[PDB]
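Residues per chain, in single letters:
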Amino acid sequence: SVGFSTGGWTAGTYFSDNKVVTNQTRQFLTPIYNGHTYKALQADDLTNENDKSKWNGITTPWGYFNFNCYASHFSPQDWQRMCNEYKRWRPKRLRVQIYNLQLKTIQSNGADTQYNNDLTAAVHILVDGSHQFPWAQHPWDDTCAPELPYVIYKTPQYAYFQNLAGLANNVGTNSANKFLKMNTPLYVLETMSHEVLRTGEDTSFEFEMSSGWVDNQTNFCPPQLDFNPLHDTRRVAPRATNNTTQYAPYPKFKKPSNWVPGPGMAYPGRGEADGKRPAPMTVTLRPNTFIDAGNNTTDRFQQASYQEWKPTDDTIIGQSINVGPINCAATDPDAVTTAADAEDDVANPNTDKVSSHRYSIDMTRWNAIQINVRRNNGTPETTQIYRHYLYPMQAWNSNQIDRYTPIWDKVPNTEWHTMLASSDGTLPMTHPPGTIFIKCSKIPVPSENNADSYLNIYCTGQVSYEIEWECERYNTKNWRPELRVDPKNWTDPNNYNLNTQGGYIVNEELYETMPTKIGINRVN
Amino acid sequence: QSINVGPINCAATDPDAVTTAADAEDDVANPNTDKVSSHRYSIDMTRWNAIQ
């Protein structure tokens, strides 16, 4: 009833050979969002020249839970133990419980604000498990459940994309412009069946997860260098004299390999001080039936070549498609393109404060690739491949991740996709755990004039979430001891600890990395 | 050797009209530009104009 709890606090991590189970409970707060209504959100009004986008979408009264991050499921201790004791792991399933719900009215009496509970108020809880709504979740959003278990979790508001103002507009006849505008979808969560719960009710959800592995081990040997120098190779290298070729054997310590360095792009980005085109890769969209108005009413394109339309810089900035990290097996951009978790004062350099995946010592990831030719006049020349695509006989490893990395990303729903090897370290999965949407019930109050007037309320409760992790211990024949995740290298010995104000101390002087793939060697 | 390969455009949308065309007779007397069939009409957002 009203005086019975619908659950209890569940916490702690279980370790075993084949599986690890994490248990977290958070007290959460859900307010009223967006005035209980749906609104269009147009970035052209919200932005300015420093960062401009034509992004259009819908903001909703709903909010959602986000469990996607490792620091959400692992304490620094438990993350250390994962990295030290297991060669790889992946999430098998997620169980979420929402319970001990409280609905309070916010009512002002004089200057005081009084908080009384409405025992008959309800909460809307929607789970979209088949992903029929947009999936607005960017993996690096700051909306994830809090790291410390005693911190309140404010649920983020849900909003999604509709169209690009430059592409979708009223221009031309039988044009991609109107069709993008006509065909723009609208999603309202009240059109799907969902639960409504009062204080005595609770609910639960389970999600099966299929994905690739997070690999904790590193390759000490470049696959090209794994050979025995004591012996000759039968294979001979060409030597060009005049119009003929003379052959000589490769040296014992240089043996040609069948194995090609993995795909990679070393592009840092423009490095500009604005927010216009910050990513290494930007993309522009021009449907072939698109009509350019020659105004600001549409995107702008000049034809550079026959049947080629080059976007203007404003068009590139406007469509705001930013792609990164794209580096894959190239290691030069690692520090610059993977960075996160930094606030910019500009007063003090955050260069070493920022987190990035730069710390991998793996030997399958390349600085530079050189191709070698000889011209007719006898001049050898070598150039480098800065964008190197998928090619037969490539083998490589993912970059390292840390505890502040998001766990998963959603694979786009499309006909075709290539192998899912992420540069940011997420595990792409076709169906991630379904989003749990939460909304306070809309309690209307009578009004003399016609007006939308409701009762100001909010929801508080406890969310318990649990992931079962499939893991594997390592065996090695290595004689020597290996690197492990440890505090010894920290600049600041007092880290992941509390100060006298209650502040949680993380990475104040420098970013202290607790990365995967630090020490465990696998043989080629 | 007369080896001709097309359409190769795949996800690039600029060649769509020009490289996919078919079902046209050439009199040259009247323009067949709009008479010809091609797959140019997709509004899909996964296919790109340009990559920078």
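Residues numbered from 1 in each chain as written, not as in the entry; some residues may be left out. Chains lettered and ligands numbered in written order. Part of a larger assembly, values for the part shown. Heavy atoms only, no water.

This deposited entry lists cryo-EM as its structure determination method and 2.52 Å as its resolution.

Novice: Before we move on, could you go through the overall build of chain B and cite the residues and values that matter?
Specialist: Along chain B, the regular secondary structure elements total 1 helix and 1 strand. For 52 residues, the compact-globule estimate of 2.2 N^0.38 gives 10 Å, and chain B exceeds it by more than 25% at 13 Å. Principal-axis analysis of the C-alpha atoms gives chain B an extent of 40 × 35 × 15 Å. Residues counted as buried form 23% of the 52 residues belonging to chain B. Taking the contacts inside chain B whose residues are at least 6 apart along the sequence as the reference set, 35% of them involve residues at least 24 apart. Working note: accessible area of chain B is about 4,000 Å², and carbon and sulfur atoms make up 53% of it. (Helix = DSSP H or I, 4+ residues; strand = E, 2+ residues; numbered from the N terminus. Rg over C-alpha atoms; globule rule 2.2 N^0.38 Å. Buried < 20%, exposed > 50% of the residue type's maximum accessible area, 1.4 Å probe, protein only. Contact = heavy atoms within 4.5 Å. Areas by Shrake-Rupley, 256 points an atom, 1.4 Å probe, with all protein chains shown as cover.)

Novice: Please provide a residue-by-residue account of the overall build of chain A, values included.
Specialist: Looking only at helices and strands, chain A features 6 helices and 30 strands. Taken along its principal axes, the extent of the C-alpha atoms in chain A is 100 × 65 × 45 Å. Residues classed as buried in chain A amount to 44% of the 524 residues present. In chain A, once contacts between residues fewer than 6 apart in sequence are set aside, the share between residues at least 24 apart is 74%. Accessible area of chain A: about 29,100 Å², with a carbon and sulfur share of 49%. Seen as two clouds, the 46 positive and the 54 negative side-chain charges of chain A have centres 10 Å apart. (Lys, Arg positive; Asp, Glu negative; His and termini not counted. Charge placed at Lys NZ, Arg CZ, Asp CG, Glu CD.)

Novice: Got a sec to walk through unusual backbone geometry? Specific residues and values, please.
Specialist: Each neighbour pair has its own omega, and for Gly-324 of chain A with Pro-325 of chain A the value is -5°, a cis peptide bond. Within the secondary structure layout, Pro-325 of chain A lies in the loop between β20 (321–323) and α6 (334–337). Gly-6 of chain B connects to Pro-7 of chain B through a cis peptide bond whose omega is -5°. Not every positive phi belongs to a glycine, and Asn-34 of chain A is a case in point at roughly 65°.

Novice: Please provide a residue-by-residue account of the interface of chain B and chain A, values included.
Specialist: Size of an interface: often given as the accessible area lost when the parts come together. Chain B puts 18 residues into the contact, and the matching count from chain A is 23 residues. With both chains or domains summed, chain B and chain A bury close to 1,600 Å², and 57% of this area falls on carbon and sulfur atoms. Together, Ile-43, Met-45 and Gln-52 of chain B form the three largest contributors to the area buried by chain B at its contact with chain A, with a combined 38%. Taken together, chain B and chain A are joined by 0 salt bridges. For the side of chain B that touches chain A, the secondary-structure elements that each account for two or more residues are α1 (16–19) and β1 (50–51) of chain B. For the side of chain B that touches chain A, the residue count by class is 9 nonpolar, 5 polar and 4 charged. (Buried area = accessible area lost by both parts, 1.4 Å probe. Salt bridge = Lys/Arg side-chain N within 4 Å of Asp/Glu carboxyl O. Nonpolar A, V, L, I, M, F, W, Y, C, P; charged D, E, K, R; others polar.)

Novice: Before we move on, could you go through the pattern of salt bridges and cite the residues and values that matter?
Specialist: Residues and elements named next belong to chain A. For the structure on display, the rule yields 20 salt bridges over all chains. For the salt bridge of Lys-52 with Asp-44, the shortest nitrogen-to-oxygen distance reads 3.3 Å. According to the relative accessible area criterion, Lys-52 is partly exposed, its value standing at 29%. Of the residues examined, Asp-44 reaches a relative accessible area of 33% and is grouped as partly exposed. Residue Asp-215 is joined to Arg-522 by a salt bridge in which the shortest nitrogen-to-oxygen separation is 2.6 Å. Of the two residues, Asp-215 is situated in strand β12 (residues 214–215) and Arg-522 in strand β30 (residues 520–522); the sequence distance between them amounts to 307 residues. Look at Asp-215 and you get buried, because its relative accessible area is 18%. Here the salt bridges share partners, and the residues they tie into one network are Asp-17, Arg-81, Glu-85 and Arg-473.

Novice: With reference to specific residues and values, describe the sheet that holds strand β17 (residues 281–284) of chain A.
Specialist: Read from one edge to the other, the open sheet built from 3 strands follows the order β20(A)-β17(A)-β1(B), with strand pairing classed as antiparallel. One side of each edge strand has no neighbouring strand; the edge strands of this open sheet are β20 of chain A together with β1 of chain B. Direction of pairing for β17 of chain A relative to β20 of chain A: antiparallel, over a ladder of 3 bridges. For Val-283 of chain A, the partnering residue across the bridge sits in β20 of chain A and is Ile-321 of chain A. (Pairing = 2+ DSSP bridges.)

Novice: Before we move on, could you go through the nonpolar core and cite the residues and values that matter?
Specialist: Of all hydrophobic cores here, the largest spans 54 residues; its most connected members are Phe-28, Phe-65, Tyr-70, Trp-89 and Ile-98 of chain A. One finds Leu-167, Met-281, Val-283 and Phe-301 of chain A within the second-largest nonpolar core, a separate group that totals 12 residues. (Core = buried A, V, L, I, M, F, W, Y, C linked by side-chain atoms within 4.5 Å.)

Novice: How would you sum up a nonpolar patch on the surface? Please name residues and give values.
Specialist: Residue and element names in this part refer to chain A. A contiguous nonpolar surface patch, about 280 Å² in accessible area, is contributed by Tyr-150, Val-151 and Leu-498. Inspection of the secondary structure assignment puts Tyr-150 in the loop between β7 (123–128) and β8 (153–154). Residue classification places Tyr-150 among the exposed residues on the basis of a relative accessible area of 52%. (Patch = residues over 30% accessible without salt bridge, like charges linked within 9 Å, V, L, I, M, F, W, Y side chains within 5 Å.)

Novice: Explain the side chain of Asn-327 of chain A to me, and be specific about the residues and the numbers.
Specialist: All names here are of chain A. Structurally, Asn-327 can be placed in the loop between β20 and α6. At a separation of 2.3 Å, a polar atom in the side chain of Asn-327 contacts the side chain of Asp-334. When neighbours within four sequence positions are excluded, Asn-327 is seen to be in contact with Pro-263, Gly-264, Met-265, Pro-333, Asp-334, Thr-337, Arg-365 and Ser-423. (Polar contact = N/O pair within 3.5 Å; in protein donor to acceptor, adjacent residues only side chain to side chain.)

Novice: Tell me about the side chain of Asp-492 of chain A, and name the residues and values.
Specialist: Residues and elements named next belong to chain A. Within the element layout of this structure, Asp-492 appears in the loop between β27 (457–473) and β28 (497–498). Despite its burial, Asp-492 pairs with no opposite charge, the nearest such side chain being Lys-353 at 9.7 Å. Among residues more than four places away in sequence, those in contact with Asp-492 are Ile-505, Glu-508, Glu-509 and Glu-512.

Novice: Can you lay out the environment of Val-373 of chain A for me, pointing to particular residues and giving the numbers?
Specialist: As for its placement among the helices and strands, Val-373 of chain A is situated in strand β21 (residues 370–374). It is 20 Å that separates the C-alpha atoms of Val-373 of chain A and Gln-224 of chain A, two residues lying 149 residues apart in sequence.

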